[PDB]
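A look at the structure
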Amino acid sequence: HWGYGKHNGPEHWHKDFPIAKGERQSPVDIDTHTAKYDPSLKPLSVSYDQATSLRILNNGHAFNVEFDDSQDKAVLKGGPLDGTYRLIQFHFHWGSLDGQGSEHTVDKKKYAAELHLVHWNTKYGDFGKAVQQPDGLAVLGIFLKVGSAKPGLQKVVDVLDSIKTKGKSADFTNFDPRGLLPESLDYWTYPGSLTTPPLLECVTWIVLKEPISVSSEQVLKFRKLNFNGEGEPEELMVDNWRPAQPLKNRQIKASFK
Ligand SMILES: NS(=O)(=O)c1ccc(NS(=O)(=O)CCNC(=O)Nc2ccc(F)cc2)cc1
Ligand SMILES: NS(=O)(=O)c1ccc(NS(=O)(=O)CCNC(=O)Nc2ccc(F)cc2)cc1
Ligand SMILES: [Zn+2]
């Protein structure tokens, strides 16, 4: 079963998930000199004031903070999107070292980690229906670089020892995801896929240009999580990132000049 290891990592996924070699796979390298400014792109509308986080889960691949998505509470609109997309979860991808960890790259630059805020298009009624549609999901990607601490990340950092191993969950209410955003909402956008199996080609990717800075201690505590379940051989949850995939017949558009 798939993972990031020696024997089951991204280069093996195509054997059980042949769409891994598909036409709109993610992540990709963002070539900043080839991305076209598109003045028809709208500013992003991030409406997280009424977000309801519920819990945090170690699923053996990353840790997900889950939200209540049964009403329009925390929604993403505007930008390249038609309609309203509801936040359902966020999670991160990170490295064993500060020099790697992000999934998207910028002119081949790898960031220390990458945050994915996952939203589904309300016109499809639920997340499981939305992932079967080419405009089903919108994922907001935010790079993390190692620098000053991110105060709004620390509640996430401090709960991690309670979900160290696969299958552990903890209550995680009243978390405000606005504390994870950078100052600017300038972005690049392209059509793509889930970056983990089943790798479905259902995502409008929106990747912010401005990274957030987190402290070395904050990202070190990500690296203390375990891919394995309790009682299984300990394997540190690091380098849970898929490398850049071929861009093929896609254009990356920039919301800014
Ligand atoms: N709003 S809530 O009830 O509290 C709630 C409930 C669950 C979550 N977990 S999740 O975000 O990871 C979505 C996982 N659910 C799926 O259906 N995935 C899937 C993927 C590929 C397929 F092909 C088919 C299904 C978060 C919040
Ligand atoms: N890295 S990314 O592109 O942003 C990305 C990658 C994958 C997802 N999918 S997910 O939200 O569901 C989290 C994964 N967990 C499951 O799918 N669980 C599940 C539960 C019940 C089922 F019936 C089937 C599956 C979202 C964003
Ligand atoms: Zn992700």
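Reading the values: rules and limits
- Residues numbered from 1 in each chain as written, not as in the entry; some residues may be left out.
- Chains lettered and ligands numbered in written order.
- Heavy atoms only, no water.
- Near = heavy atom within 4 Å.
- Polar contact = N/O pair within 3.5 Å; in protein donor to acceptor, adjacent residues only side chain to side chain.
- Helix = DSSP H or I, 4+ residues; strand = E, 2+ residues; numbered from the N terminus.
- Nonpolar A, V, L, I, M, F, W, Y, C, P; charged D, E, K, R; others polar.
- Pairing = 2+ DSSP bridges.
- UniProt positions renumbered as here; feature names shortened; annotations may be inferred.
- 1 Å grid on protein atoms, 1.4 Å probe; cavity = no way out; pocket = protein on both sides within 12 Å on 5 of 7 lines; lining within 4 Å.
- Contact = heavy atoms within 4.5 Å.
- Areas by Shrake-Rupley, 256 points an atom, 1.4 Å probe, with all protein chains shown as cover.
- Sits in = over half its atoms within 2 Å of the grid points.
- Donors = N, O, S within 2.8 Å, 3.2 Å for Na, K, Ca; no water.
- Tetrahedral: all angles 85-135°; square planar, octahedral: opposite > 155°, others 65-115°.
- Buried < 20%, exposed > 50% of the residue type's maximum accessible area, 1.4 Å probe, protein only.
- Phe/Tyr/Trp six-rings, centres within 6.5 Å; stacked < 30°, edge-to-face > 60°.
- Points joined across faces, edges and corners; volume = space filled by probe spheres on them.

What the deposited record gives as its method is X-ray crystallography, and the resolution it gives is 1.6550 Å.

Taken together, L54, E66, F67, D68, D69, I88, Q89, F127, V131, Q132, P198 and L200 make up all the residues around ligand 1. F67 places a polar main-chain atom, nitrogen or oxygen, 2.8 Å from a nitrogen atom of ligand 1. A distance of 2.7 Å is found between a nitrogen atom of ligand 1 and a side-chain nitrogen or oxygen belonging to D69. For the shell around ligand 1, the secondary structure elements donating two or more residues are β5 (63-67) and β7 (85-94). A class-by-class count of the residues in the shell around ligand 1 yields seven nonpolar, two polar and three charged.

This brings us to the pairing of strand β6 (residues 75-78). For strand β3 (residues 44-47) and β6, the ladder comprises four bridges, and the chain directions are antiparallel. Opposite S45, over in β6, you have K77 as the bridge partner. Note that β6 and β7 share two bridges and pair antiparallel. In the sheet register, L76 faces β7, and the bridge partner there is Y85.

Moving on, we come to the UniProt feature "binding site: Zn(2+)" in the protein chain. Under the present numbering, the feature "binding site: Zn(2+)" in UniProt falls on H91, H93 and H116. A maximum C-alpha distance of 8.1 Å places the annotated residues, which cover 26 residues in sequence, within one compact spot. Of the annotated set named above, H91, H93 and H116 line the largest pocket. You can see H91 is positioned in strand β7. Here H91 is in contact with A62, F63, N64, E114, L115, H116 and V118, once residues within four sequence places are set aside.

What follows is about the site of ligand 2. Neighbouring residues of ligand 2: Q89, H91, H93, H116, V118, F127, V139, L194, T195, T196 and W205. One of the side-chain nitrogen or oxygen atoms of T195 is found 2.7 Å away from a nitrogen atom of ligand 2. Within the complex, 55% of the 600 Å² of free accessible area of ligand 2 lies under protein. The pocket occupied by ligand 2, as judged from atoms lying within 2 Å of grid points, is the largest pocket. Take the shell around ligand 2: its biggest share by element is three residues, from β7.

Within the protein, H91 (NE2), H93 (NE2) and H116 (ND1) serve as the donor atoms for the zinc ion (ligand 3), at 2.1 Å. Coordination at the zinc ion (ligand 3) is tetrahedral, judged from the four donor atoms that bind it and the angles of 98 to 118 degrees they form at the metal. Sequence spacing of the donor residues for the zinc ion (ligand 3), all on one chain, is H-x1-H-x22-H. Here the residue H93 occupies a position in strand β7, and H116 occupies one in strand β9 (residues 113-121), the gap between them amounting to 23 residues. Accessibility classification places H93 together with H116 in one group, the buried group.

Tallied over the entire structure, the rule returns 15 aromatic pairs. Summarising the aromatic geometry, the rings of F63 and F92 are spaced 5.6 Å apart at their centres and angled 40 degrees between planes, so their arrangement reads as tilted. Within this pair, whereas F63 is found in strand β5, its partner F92 is found in strand β7, the two being separated by 29 residues in sequence. There is no split in this pair, since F63 and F92 are both buried. Following the ring pairs from residue to residue traces out a cluster consisting of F63, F67, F90, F92, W94, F172, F175 and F222.

Let us look at the layout of surface pockets. Its boundaries defined by the atoms lining it, the largest pocket holds a volume of some 480 Å³. Forming the walls of the largest pocket are 26 residues, and the residues nearest its centre are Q89, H91, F127, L194 and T196. Those elements giving two or more residues to the lining of the largest pocket turn out to be β5, β7, β9, β10 (137-146) and β13 (203-208). Ranked by residues supplied to the lining of the largest pocket, first place goes to β7 with four residues. Partitioning the lining of the largest pocket into residue classes produces 15 nonpolar, ten polar and one charged. Taken together, 18 residues form the lining of the second largest pocket, with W2, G3, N8, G60 and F227 sitting closest to its centre. Grouping the constituent residues of the lining of the second largest pocket by class yields five nonpolar, nine polar and four charged.

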